[PDB]
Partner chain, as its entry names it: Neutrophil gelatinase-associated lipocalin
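The chain below stands alone and is given in C-alpha cells; this is the form deposited without the partner chain.
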C-alpha cells in the first residue's frame, strides 16, 4: 500500500468553536461534519490543541486531559471510530502553551519535553494517526527533540506522522531542522511573497527540492494562518492549483476552500475567524456576509472557489501521477511556472501558471527534462482557473495563450 498522508490534502482545524460556530461547537458536533470533509477528499484533519492549559503556567497544563469546553474523552473516542469508518485520519496538535505568546513557555525545557513524551505514548493507544507541534523556532534544542518524538511515533507504526511548524522562511534555518530526521514534515512561510513575484516562485520550489535530495515534504503558505493573510484575492485559484499538483502533501487551514478572509469580518481574530456555512453563520453584523462568501452559496455555483477546490482535490487523490513524487519543471517565459507529473505508464499531467498581469504565449520547450519528456502535439484540457474555455477538448502546446493570472491543468496518455 501507500502510507496515508501521501494520498491527499491535510485540513487544519485550529479552533473547534469558530469552525462550526453555533449549535455544534463540540467533538460530538465535529462528528456531524465528517461527510462534508469527505466531500473535500481530505485524508487527514489536523485537530486541536484540545488539552487543558492555564495561560503561561507549566504546572497548570496537562496534555493528557481534554478541556471540558471541547467535550469529553468518550466524545473523542466516538469521533475516532466514525472517522475510521469514513477513511479519515485524525492528527492531534500538542503545542503546549497554545494560549500564551511563547508556545514552549520559556527556554527552560526539561519539564515541558517530558510531558510531550508521555502524551504521544498515551494518545497513540487511544488511536490517533499522528501529531502536530508549532512554533519550533522558540524551542531550545529543537532538532534533538523532533528526532526523539519522531522515533516514538514511527515506532508505534510506520503509518503514523509527525508534522512540525515554523514561522521562519529562511532556507538554511529550515534545512538545519531537517538535518535531524529526514522523514519529518515541516510547514513554513517559505513561499510567502505575494504582489511583487514573477518567476521568483519557480526557483524557490526547485531550490528547495534541489537541497533536500527531492525527499517527500509538505507545501503550504504557513504553519497555521489562512491563504488570504498572504495572497491577494485574485491569486487564490493559481496557488490552489499549484499546491494541489506539487510533489508532496498540501496543507490548508479551514476556510481556504471558500477563500475565507479574517478582515471583512470586523473585529475578529486572524487565527480563528468564524467559518461561513450560510447567512446565519455571522449574526453579529447582518449584511456583511453574502451568499457567494458561504459554503452553501458556493456549493451551487460551478464557477466558485469551492468548486475548484473539490475538483482539484478529487484528481489529487484518485490519479497515480499526482500520488507519487516524480516532477520536472520547464524553462518557459519569465512570468510562467510549468511542470510535468508522471508515474510508470499512468496518465501524465502538465501544469502552466501565469503569475503576471499580462497575457503570454507559453513557449514550453523540451528544455531540461528527462528522456520521458516526449510531449504530444496535443493534450486535453482538464481544467482552467478561469471559466470560458472548452474543457475536455484538445489544445496545442506550442501555440498556447495565457490570460492574466490564468492556470491550466492538462492531461495526456503515456504513449504520446
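Positions refer to the first chain, counted from 1. Rigid core: the largest C-alpha set superposing within 1.5 Å between the two forms.
Where the other entries of this protein model the residues before and after it, residue 194 is dropped from at least a third of them.
Below, we refer to the form solved in complex with the partner chain, which is not included among the displayed structures.
Using a 4.5 Å cut-off to the partner chain in the deposited complex, each of 15, 265 and 288 places a heavy atom inside that distance. Here the chain stands by itself, but in the deposited complex one stretch of 120 to 128, 333 to 341, 156 to 164, 223 to 231, 223 to 231, has heavy atoms within 4.5 Å of the partner chain. Although the partner is absent here, residue 73 lies well away from the partner chain in the deposited complex, with no heavy atom inside 4.5 Å. Although the partner is absent here, residue 183 lies well away from the partner chain in the deposited complex, with no heavy atom inside 4.5 Å.
Using a 4.5 angstroms threshold between heavy atoms, residue 304 stays clear of the partner chain in the deposited complex. With a 4.5 Å cutoff on heavy atoms, residue 395 does not count as touching the partner chain in the deposited complex; it lies far away.
Checked against the partner chain in the deposited complex, the candidates 137, 170, 141, 278 yield a single residue with a heavy atom inside 4.5 Å, and that residue is 278.
The listed set 175, 152, 204, 270 contains one residue whose heavy atoms approach the partner chain in the deposited complex to within 4.5 Å, identified as 270. With the rigid core aligned between this form and the one not shown, the listed residues 127, 155, 198, 302 include just one Cα displaced by at least 2 Å, namely that of 198. Remark: with the core as the superposition reference, the CA shift of residue 371 between this form and the one not shown reaches 2 Å or more. Once the rigid core is used as the reference frame, the Cα position of residue 268 differs between this form and the one not shown by 2 Å or more. In the deposited complex, the Cα atoms of residue 194 and residue 236 sit 3 Å or more farther from each other than they do here. Note: the CA-CA distance for residue 194 and residue 406 expands in the deposited complex relative to this form, by 3 angstroms or more.
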